[PDB]
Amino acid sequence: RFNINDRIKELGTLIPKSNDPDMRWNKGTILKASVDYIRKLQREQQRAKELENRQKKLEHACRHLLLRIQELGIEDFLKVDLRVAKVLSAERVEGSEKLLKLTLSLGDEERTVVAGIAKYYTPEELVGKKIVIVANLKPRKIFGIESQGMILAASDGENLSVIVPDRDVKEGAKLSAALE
């Protein structure tokens, strides 16, 4: 464990140098600077809150104006692999309220994807579903679980919708904007 002096030291490591390279920090002065630093940081938190509200409004504005800019080349789009995939199984992930562990069929192969859909989707809703994923991703550990790929979604608000093919097609089918 750590004693009172230990934590007062740690508080000493957290606070601002306060310039004036010649002063010595005792317990009481470290605690003084700590109380004051917490108050300062709280004022800052207020300002930051307001700033964040305006930030969300700006995100809205940006999506909408983004509707008005088309600069995307077909090559850059081809840099993404979007695939239809089937849900063989879906599981809740211990310690996480936001996570579902998904087992997906690409046809020939299986993929494991840890997704942020747990609030909006039950494993029973998902199992058997054909959904759209971003297929080309180096595997990465999420919450202790290796995950290959991200699943597409429309966030729309505080809800979520996955993305599905309108008609039934075989898993592994690539999505394309090309005419053929």
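Sequential numbering from 1, following the sequence displayed.
Here 105-113 and 67-75 are compared by their mean Cα B-factor, and 105-113 comes out higher. Relative to its counterpart among 77-85 and 90-98, 90-98 has the higher mean temperature factor, C-alpha atoms as listed in the PDB entry. Ranked by C-alpha B-factor against the other modelled residues of its chain, residue 142 falls in the highest third.
When the CA B factors of the chain's modelled residues are split into thirds, the value for residue 11 lands in the middle one. Residue 4 sits in the middle third of its chain by CA B factor, as recorded in the PDB entry. Annotation for residue 178: C-alpha temperature factor in the highest third relative to the rest of the modelled chain, per the entry. Ranked by C-alpha B-factor against the other modelled residues of its chain, residue 56 falls in the lowest third.
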